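As structure tokens, the structure follows; a few thoughts come after it.
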Number of protein chains: 2
Amino acid sequence: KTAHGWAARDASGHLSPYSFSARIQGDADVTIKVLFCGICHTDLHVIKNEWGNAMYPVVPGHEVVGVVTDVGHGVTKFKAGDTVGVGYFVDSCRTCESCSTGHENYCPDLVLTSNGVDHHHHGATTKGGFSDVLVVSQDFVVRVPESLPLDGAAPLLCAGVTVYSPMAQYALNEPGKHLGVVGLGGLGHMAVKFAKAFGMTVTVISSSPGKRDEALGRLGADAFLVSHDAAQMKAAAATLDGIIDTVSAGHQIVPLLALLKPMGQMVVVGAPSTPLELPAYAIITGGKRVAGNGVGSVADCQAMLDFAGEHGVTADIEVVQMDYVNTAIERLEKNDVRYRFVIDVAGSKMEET
Amino acid sequence: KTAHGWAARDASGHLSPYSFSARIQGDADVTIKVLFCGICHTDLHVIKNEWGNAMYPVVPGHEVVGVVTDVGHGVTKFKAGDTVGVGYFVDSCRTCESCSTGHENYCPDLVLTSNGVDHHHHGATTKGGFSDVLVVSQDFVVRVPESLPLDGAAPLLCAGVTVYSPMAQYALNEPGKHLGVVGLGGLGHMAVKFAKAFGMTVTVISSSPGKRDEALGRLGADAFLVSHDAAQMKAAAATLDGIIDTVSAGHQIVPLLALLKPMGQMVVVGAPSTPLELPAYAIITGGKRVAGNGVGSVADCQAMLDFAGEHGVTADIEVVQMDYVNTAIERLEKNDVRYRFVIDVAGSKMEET
Ligand SMILES: NC(=O)c1ccc[n+]([C@@H]2O[C@H](COP(=O)([O-])OP(=O)(O)OC[C@H]3O[C@@H](n4cnc5c(N)ncnc54)[C@H](OP(=O)(O)O)[C@@H]3O)[C@@H](O)[C@H]2O)c1
Ligand SMILES: [Zn+2]
Ligand SMILES: [Zn+2]
Ligand SMILES: [Zn+2]
Ligand SMILES: [Zn+2]
């Protein structure tokens, strides 16, 4: 009934061992030994309270690959030994229009995996995958295809589904279509990977000239634009069918909309604290479209994993021990990872002795 | 892995939560969820460093009852779900004369359950039953009969085997035999219970007249003798087939030997710091015998449990939570318990949250 993770106690975001009372496995619950957990920039936003919604102490982590060690009496979707994943949320109300039409990810009572409010269990705060053992409803766990490496698959549970889902939603998943990806980070590099697997033409828009070689080589993007180079950006005006914006800091979207063809679709998935400034003319003139996307439904996540397993899509990762997590967080803040940190949780000393 | 117990850090003996590295279940090892652990004066002597051999931090506990939760691939003597006990020691060299003949309790390289030196694992210190999970060689685990309460059985693993083994060895084990028990603490009350289960007539011998009602009421002894009453002692001269001497305070042995019939047997299980004064004539004249013993072999312990299960022999206990342990120890220093504390380990919060 005691679980063990690493938590932040205040806005410094400094992580250190934390023991806490864990939820007991109920009839519909699955017990998961955490093997790997990706570090998402959302975890950094939360532990530093950049959105103002941190409930300290915070146990981060919501890109989880693990193995089932026990299931409740009512569980039928999983059994001990199954390789499974947990993403950004672990529960929902189950009844509202969103929950009833397969869009539980937009439920107003969503229970986040990390720093969420467990409405079905006395409103306790949820502790994420920076911990040894999770207890999750069978209806919010996904199966990891055996063809995927467990560490390279972990960032798919948030980074991957968040970019995969809008590509399917907005028909930005067909050969010949031209997609822009803004911010070649965790989400961004997954967008490039999935877009190229769909056969799309991909332009990367980046503030980091040093990412050019890997973007055009390893990742296979077709073009690379430096966003603070007015000449490069102007040359690409009105060339894109769609653009996925993953930028985590405040930024201007007018130059990004300028890259879209008339009627083109911008998908915002980055979540900076500073509001985006949208002049009306920048969407009126060419009938352009802006949409937000939040991860995917559980079924969306499973479909993304099935696709990744069939096409060999995995994140480019740097695997680290938990004792390195504060250095990893600092490097993520400094934009110094290619392109996702993954914590080897099961191989780390989680408790201090 | 990491295990969780309560440990002393210095000679104050004050116990508080303590996490430590646990050794891995090997091929011949058994994993035991600790349910109950008795407390006895040996634990107090260790944690207060009164023998100068405390290796801090010290996790006490050597009267352990638990349930098997996992076994190594080569284990044949136990399976998950078995109710088991662990006594004073958990390993031995296995090769010496004592070990090879089933008397490993006399191994010079004995591995104690608490504050022992695990010679087979880099001499690491052993942590006792004041903890949540133990890993022990299958050859040093005993089976607790289901006919016994798990908490009342725990002190049998120390005091019970200490008094049972000599009763069986020296034929002080049949109706019509008259047994004296010197002292009325943990060991004394155990000796009376086993003696009664054998059908013997039991005389409690004490230097404190105040223990009379205790001996004749609660415990149901047949007679009570004040060791200072010269006339009453003289009237009982040469009436006892055996005596179990449990007293740890300095005391004269000659008056107790006088109670023995010729060829009678005295068994010393308490250890006074002052040597016993034994005039040769006191044993020569009537061919009397004096022997000592502590806890027995694994086989001794199992034979004691089998007998106890067949006759309903259980210790008189007071069950306490771990967070009360320091108060229990203070009370035990004054012998303010009837007659043994047992910690409800599985029912206690062992970690800090
Ligand atoms: N919508 C959802 O459901 C969802 C899911 C997951 C994450 N997110 C959010 O998406 C964002 C990205 O997450 P992530 O894990 O991918 O983060 P990340 O790895 O840090 O990548 C973000 C990227 O944004 C770009 N960037 C950063 N600072 C910038 C600046 N000052 N100006 C311009 N560009 C900048 C960088 O790319 P370049 O170096 O190429 O410029 C950087 O690599 C975060 O806000 C996070 O909370 C949202
Ligand atoms: Zn995320
Ligand atoms: Zn809902
Ligand atoms: Zn003992
Ligand atoms: Zn030996």
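Can you tell which of B:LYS211, B:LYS193 is more than 13 Å from B:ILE244 (Cα to Cα) and either surrounded by fewer than 24 Cβ atoms within 10 Å (Cβ to Cβ) or not aliphatic (A, V, I, L, M) (or both)? Walk me through how you get there before you give the answer.
Numbers: B:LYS193 fails: more than 13 Å from B:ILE244 (Cα to Cα).
The match here is B:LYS211.
For segment B:172-190, what are the residues that are surrounded by fewer than 23 Cβ atoms within 10 Å (Cβ to Cβ) and part of a loop (DSSP other than H, G, I, E, B)? Step through it out loud before you land on a result.
Our first condition is that a residue be surrounded by fewer than 23 Cβ atoms within 10 Å (Cβ to Cβ); within segment B:172-190, this holds for B:173-178, B:185.
Listed by number, the residues that qualify are B:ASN173, B:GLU174, B:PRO175, B:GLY176, B:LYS177, B:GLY185.
From the list A:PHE194, A:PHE130, the one residue that fits, being touching a residue at least 40 places away in the same chain (Cβ under 8 Å), farther than 24 Å from A:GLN265 by Cα and away from ligand 5 (no atom under 16 Å from the Cβ), is A:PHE130. For segment A:102-133, a residue qualifies if it is within 16 Å of ligand 2 (Cβ to nearest atom) and of a type in the set (A, V, I, L, M, F, W, C), and the qualifying residues are A:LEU110, A:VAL111, A:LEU112, A:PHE130. When segment B:197-217 is filtered for residues that are assigned to a strand (DSSP E or B) and in contact with a helix residue (DSSP H, G or I) (Cβ under 8 Å, 6 or more places away or on another chain), the ones remaining, listed by number, are B:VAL202, B:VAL204, B:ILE205, B:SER206.
Residues in segment A:237-261 that are surrounded by fewer than 17 Cβ atoms within 10 Å (Cβ to Cβ) and touching a residue at least 40 places away in the same chain (Cβ under 8 Å): A:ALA238, A:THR239. Candidates A:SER131, A:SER165, A:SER137, A:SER208: the one that is over 23 Å from A:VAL58 (Cα atoms), out of contact with any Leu (no Cβ under 8 Å at 6 or more places or on another chain) and either more than 16 Å from ligand 4 (Cβ to nearest atom) or not hydrophobic (A, V, I, L, M, F, W, C) (or both) is A:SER165.
Residues are listed down the side, and each one gets a yes or a no for (1) touching a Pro at 6+ places or on another chain (Cβ under 9 Å); (2) in a helix (DSSP H, G or I):
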| position | (1), (2) |
| --- | --- |
| A:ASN115 | yes, no |
| A:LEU134 | no, no |
| A:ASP139 | no, yes |
| A:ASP151 | no, yes |
| A:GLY160 | no, yes |
| A:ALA168 | no, yes |
| A:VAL192 | no, yes |
| A:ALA195 | no, yes |
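Looking across segment A:71-113, the residues that are away from ligand 1 (no atom under 16 Å from the Cβ), touching a residue at least 60 places away in the same chain (Cβ under 8 Å) and not in a loop (DSSP other than H, G, I, E, B) come down to A:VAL71, A:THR83, A:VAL84. Scan segment B:114-125 for residues that are more than 16 Å from ligand 5 (Cβ to nearest atom) and either touching a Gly at 6+ places or on another chain (Cβ under 7 Å) or within 14 Å of chain A (Cβ to nearest Cβ) (or both) and jot them down. Of everything in segment B:114-125, those that are more than 16 Å from ligand 5 (Cβ to nearest atom) and either touching a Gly at 6+ places or on another chain (Cβ under 7 Å) or within 14 Å of chain A (Cβ to nearest Cβ) (or both) turn out to be B:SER114, B:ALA124, B:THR125. Would you be able to tell me the number of residues in segment B:262-285 that are crowded, with 16+ Cβ neighbours inside 10 Å and not aliphatic (A, V, I, L, M)? Residues flagged as crowded, with 16+ Cβ neighbours inside 10 Å and not aliphatic (A, V, I, L, M) within segment B:262-285 amount to 3. For segment B:309-353, filtered to residues that are in contact with a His (Cβ under 8 Å, 6 or more places away or on another chain) and part of a helix (DSSP H, G or I), the residue that is farthest from the other protein chains (Cβ to nearest Cβ) is B:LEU332.
No value in this document is a laboratory result; all are computed from the given coordinates. Here Cβ is always computed from backbone atoms with ideal geometry, including for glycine, and neighbour counts include all displayed protein chains.
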